[PDB]
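Listed here are the chains, written in short residue letters.
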Amino acid sequence: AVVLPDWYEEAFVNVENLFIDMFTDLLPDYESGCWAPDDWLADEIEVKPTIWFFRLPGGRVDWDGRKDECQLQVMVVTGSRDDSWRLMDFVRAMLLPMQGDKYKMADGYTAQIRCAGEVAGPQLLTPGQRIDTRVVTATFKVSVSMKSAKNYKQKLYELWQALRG
Amino acid sequence: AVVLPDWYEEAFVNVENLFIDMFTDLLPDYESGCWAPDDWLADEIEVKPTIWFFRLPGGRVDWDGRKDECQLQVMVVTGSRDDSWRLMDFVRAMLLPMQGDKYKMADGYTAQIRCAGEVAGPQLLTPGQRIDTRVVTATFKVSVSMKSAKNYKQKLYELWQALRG
Amino acid sequence: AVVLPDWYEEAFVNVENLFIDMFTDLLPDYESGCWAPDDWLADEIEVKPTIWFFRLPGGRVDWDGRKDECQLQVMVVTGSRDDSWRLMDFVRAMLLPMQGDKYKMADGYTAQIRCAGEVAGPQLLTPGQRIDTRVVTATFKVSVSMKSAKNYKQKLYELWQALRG
Amino acid sequence: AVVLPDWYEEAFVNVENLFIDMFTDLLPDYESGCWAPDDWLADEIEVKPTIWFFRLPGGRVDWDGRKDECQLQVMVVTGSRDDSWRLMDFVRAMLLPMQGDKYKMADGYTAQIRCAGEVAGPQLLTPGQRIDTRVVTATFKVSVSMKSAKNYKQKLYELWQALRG
Amino acid sequence: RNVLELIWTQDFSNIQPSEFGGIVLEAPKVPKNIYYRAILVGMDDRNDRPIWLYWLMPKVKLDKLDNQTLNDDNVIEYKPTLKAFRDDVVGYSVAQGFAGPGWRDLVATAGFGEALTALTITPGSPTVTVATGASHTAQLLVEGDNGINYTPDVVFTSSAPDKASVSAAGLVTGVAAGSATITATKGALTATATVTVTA
Amino acid sequence: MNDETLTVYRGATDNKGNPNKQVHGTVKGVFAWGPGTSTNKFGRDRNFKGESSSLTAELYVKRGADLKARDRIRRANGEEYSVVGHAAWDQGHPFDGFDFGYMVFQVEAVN
Amino acid sequence: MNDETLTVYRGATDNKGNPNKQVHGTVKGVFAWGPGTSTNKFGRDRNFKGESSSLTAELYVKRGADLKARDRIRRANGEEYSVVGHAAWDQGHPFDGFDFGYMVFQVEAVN
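Calculation rules
- Residues numbered from 1 in each chain as written, not as in the entry; some residues may be left out.
- Chains lettered and ligands numbered in written order.
- Part of a larger assembly, values for the part shown.
- Heavy atoms only, no water.
- Helix = DSSP H or I, 4+ residues; strand = E, 2+ residues; numbered from the N terminus.
- Rg over C-alpha atoms; globule rule 2.2 N^0.38 Å.
- Buried < 20%, exposed > 50% of the residue type's maximum accessible area, 1.4 Å probe, protein only.
- Pairing = 2+ DSSP bridges.
- Axes fitted to C-alpha atoms, helices over the stretch in contact; angles between N-to-C directions.
- Contact = heavy atoms within 4.5 Å.
- Buried area = accessible area lost by both parts, 1.4 Å probe.
- Salt bridge = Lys/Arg side-chain N within 4 Å of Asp/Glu carboxyl O.
- Least-squares fit on C-alpha atoms.

Asks: Any chance you could break down the overall build of chain E for me, citing the residues and the numbers?
Replies: Helix and strand counts for chain E stand at two helices and ten strands. Along chain E, helices and strands appear, N-terminal first, in the series α-β-β-β-β-α-β-β-β-β-β-β. Radius of gyration (C-alpha) of chain E: 27 Å, far over the 16 Å computed for a compact globule of 199 residues. Along the longest, intermediate and shortest principal axes, the C-alpha atoms of chain E span 80 × 45 × 40 Å. Counting all 199 residues of chain E, 26% fall into the buried class.

Spelled out as structure tokens, the structure:
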């Protein structure tokens, strides 16, 4: 994959990964992800329910405040409008009342959701090529505390003071 | 359909469903829905009147305040402009003066409409492929109290403390 | 190349060049630049990671304040979404905590990043023709002190007083 | 050309003409203008550097204040990105520190640039049909004093008091 | 500890954390009059030569403190308004200052001291030994008429490095027994000197 | 026939969007740069800071070949293509049942 | 054949975007201004303060010639073109292996 420097440690959590883990624990059979899998698109007439989380440009990160704000778009895809609305209601009930809630992701790291407000409300999108799937989409503003606000200015200074200076 | 967890109960009402039930009680013969039925599109020259309710991105949900604000688009489809304007007048006269009004939906749940105001006024849209139907559309900002503001933090904490923790 | 007047010295640093040098020092093997090289586009199925820095119209330059503000868009291109998000996390952890930090570019000139905030958060762009590449893009507001605020009014006055005057 | 009335004298300076003269005095060999000449478009593989100045809708004229504000767009076209950025740096270092600076144009009239600030920062635009030219564009807000705020109300009144009156 | 001590106007030196690393910081009965010596250091860098602009307030004291909003999106922020008093020892309440190689460049233009017009190197004709004796090496100290030691700024070039070799630091270690002319290379100004070598 | 050896890359994109493509094997097919006496035109995004071009072509391969949709193929020339859609005309003649023995794939240039 | 000598400019755009193009040599090719009995139409940007036109044509050149993608060619007439995409029909006949001896390059007028 990517060979990051040895002295570097992750500072931001992955909001999409955190919510994918959360809603795979909450809904085990129904698959949630950040993408449309090739095998999920194989069946359309009898489509399995799914939830998609997409990080979107929104909110201002506060490195000094140890806050990572982002806009999250949740797309609930089911075979019926009633099922899509029920699943979107479940997602909203899970996300909206969060305030300083902790959650241990699959990585073993316990994140902390500072707050989760709604930017754009749910709406049933018009069908596209996939005609038998009813999708309900909503955008949330999710603020999550960073893993660590530690800076690596020392390593950055060492780099150019050893190579150039 | 969707197998939600056994400990979850519905928190938000369905605004589209609530108004569909309300206007199927108010107008029994005319059909209202959130979609264009396949059999309703079958006849165009002699088109039956219909009312469509669509939830749109608008208003901010207030979970702590037990408020669910949304923008509702009403589409009145009739065979005449005068009939469309009459039906839109009826819809406006029903929705606009609402203030804390109650209504028992088909589910047996009595929902309470906090307030209903108009965002975009009515307008007669230009005809599309369905040339003989005159459609008048308006958008309303509808606020409805939630079924319950109870949070399920206990279930999430048990979930991540039993699997990972 | 361009034959500038003998009496003119550079007044602004190249933000794109500065960050290209910084992230070629931080990430030696992974190539970073302001453009998509023709040889990098040659391999797509097994695509090497890369980072692109684009200066964008944003912020107001303050000549009297010796400040050069610009919006820098970072495009992280890897073969996997997880790798792209890790690399974008590394880039964010590098730029965000900067405050008066110094860096000696390949030209031998030591720049000084006044501050580096984020305007648009990271997001995974939808694939284009290069279907196997996952790109994560973010925009940063970067302010860097100018090389010199010295003005050349005297030379212009000499020019128009010798040619015309 | 245009046969203007014998009693009319120019009231505004041509900002594009002023800066074209200025940057043909500063850079003699490199050609600057408000247009792409037909002979300049003849060569692409070995393209000569050029600078384009376009007056754009921006800023409010103040006739009573003897001011003429406009938005000037500068397009630096060279065969290399480094050369384009160097020339844009030169242009910015010339225009930005201006404050009440006089310049004698080729017409023999000495203008006076009140101020020159940057609205949109420099940016490297994506290539079009002309693939070997790297263009860097930036817009400036240029304020220049008018030649004369003298009004011609006397002639206007005389016209309709002789013809119609 | 120092931040909370300033906020609460108390001395938390004796506050010993519990066995589980827990501390409680009681506010004083009457707000104490605790004085501090404060410095406000800032650095502006020209190329690689920094300018250290600072203030020296030797008898500051807390005056007021802004209200704190405790939300979920912002950390706790302490915003005291320190007031600078006049210390009777140093005799001043505040003193702006500048330092650094950048200030060595900009001091003549700023108007402090005489203008840079001449440069001289203090040893007129130094002699160094070829052998590794006491006088093997020497130091060159170029100093302008401004009274400022410009040695780090000025690079010295030797016409005849075979006899005496002088680097940018003015090293007079030497190579062979002989006399070499050392020219202190600067910009608009220049200085000249002669260095002899004798074992 | 003349044919041409290609390197296939089969894989499935997981729910998190990570492409997992590995060398599945080889396949022999004939590349067609147009539907007839003409050639497909290369296109450009015009918003990409580079000189990458787009192209759609066809790959006539024998019926029953070991090639599927979303299966990248690399030629010995270094060109890489992505197979889009299923095979076409992978059926016997309706009137007779005759098998021409070849099915055409739509390939989009990815380099 | 009639042919036409052209001047090729081969180079690689570095990471920073500087075009490093130099005279690689010469090549002989036959220009085709249309795919048949018609001619391609010149296009304009309509947002450019000038009189520059865009044309896409074809260049039939012998197989194995010293011409590649992103290789600018200048005719003796002074016109300059940019070779977009790879060569087309640079293959033998699938049924036999017959070599027609010519491959068509898509060229975009850049002047």
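Back to the write-up after that little detour.
Asks: Any details on the sheet that holds strand 2 (residues 50–56) of chain B? Residues and values, ideally.
Replies: Residue and element names in this part refer to chain B. With mixed pairing, the six strands of this open sheet are ordered in space as 1-2-3-6-5-4. The strands lining the two open edges of the sheet, one partner per strand, are strand 1 (31–33) and strand 4 (99–104). Each neighbouring strand pair of the sheet contributes to a mean axis angle of 35 degrees, computed without reference to strand direction. In this sheet, strand 3 (residues 67–78) lies alongside strand 2 in antiparallel orientation, the contact comprising seven bridges. Note on strand 3: the bridge partner recorded for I51 is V76.

Asks: Talk me through the interface of chain C and chain D; I want residue IDs and the actual numbers.
Replies: Taken together, the contacts link 33 residues of chain C with 38 residues of chain D. The three residues of chain C that bury the most area against chain D are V2, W160 and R164 of chain C, which together make up 20% of that side's buried surface. Viewed at the interface, chain D and chain C are joined by four salt bridges. One salt bridge in this structure joins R164 of chain C and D25 of chain D, with 3.2 Å as the shortest N-O distance.

Asks: Run through the relation of the copies chain C and chain D, naming residues and quoting values.
Replies: Both copies of the chain are related through a single rotation about an axis accompanied by a shift along the same axis. In the superposition of chain C on chain D (RMSD 0.1 Å, axial shift 0.0 Å), the rotation amounts to 60 degrees. What the rotation and shift describe, once combined, is the action of a six-fold rotation axis. When C-alpha distances to the rotation axis are compared across chain C, the minimum falls at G58 of chain C, with a value of 17 Å.

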